[PDB]
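[1] pasting the structure only:
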């Protein structure tokens, strides 16, 4: 492709933070505070400063990182993965069928 | 030397100050002290620390 990352003069950084996306990141005790961006972050909310568990669409503190959310290349990456899985499933079915047929014939 | 070095009158070597105000935030702790340097004395910050 001959595409030279990265041309764009760089930012110099955010300082105040939360720059990255779907880092996910966790709180205190807490755990699971959602990747900057997403609806949960937009809404001013209360009760998350000092308490664990999930009070958002995504949660439990058990599963992370960097949640594959919305649609990026990753969604295509996630979508691509899904497609691959579907293809694999289809292949299995076919195989099974064939086998059965053979058996029958033999009998 | 036997003069113009140490004082003869009573005086602590190291004082201890207590927080005049302290706020325990969910992710931060702030405390303010009223560091008082008695007259005829000189304090060298380097000798100060937070216990």
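    Right, received. Where do you want to start? Numbering: from 1, shown residues only, chains lettered A, B, ... in the order given.
[2] from here on, contacts and neighbour counts on C-alpha atoms
    OK.
[3] what's the burial count for the closest residue to residue A:54 other than its chain neighbours?
    Nearest residue to residue A:54, sequence neighbours excluded (C-alpha to C-alpha, 6 or more residues apart in numbering or on different chains): residue A:60, at 5.3 Å. Neighbour count for residue A:60, taken as other C-alpha atoms under 10 Å in any protein chain shown: 14.
[4] Please tell me I have it right and residue A:60 contacts residue A:32.
    Yes - the criterion here is C-alpha atoms under 8 Å, and residue A:60 meets it with residue A:32 at 6.8 Å.
[5] Next, show the common contact partners of those two.
    A:53-54 (C-alpha atoms under 8 Å, 6 or more residues apart in numbering or on different chains).
[6] sorry, back to before: ok but the residue nearest to residue A:54 is inside a helix, no?
    No - counting by DSSP: H, G, I helix; E, B strand; the rest coil, residue A:60 falls outside a helix, being coil.
[7] List the contacts of the residue lying closest to residue A:34 once chain neighbours are set aside.
    Leaving out its chain neighbours, the residue that sits closest to residue A:34 by C-alpha to C-alpha, 6+ apart is residue A:24, at 5.3 Å. Contacts for residue A:24 (C-alpha under 8 Å, 6+ apart) come out as A:32-36, A:64-67.
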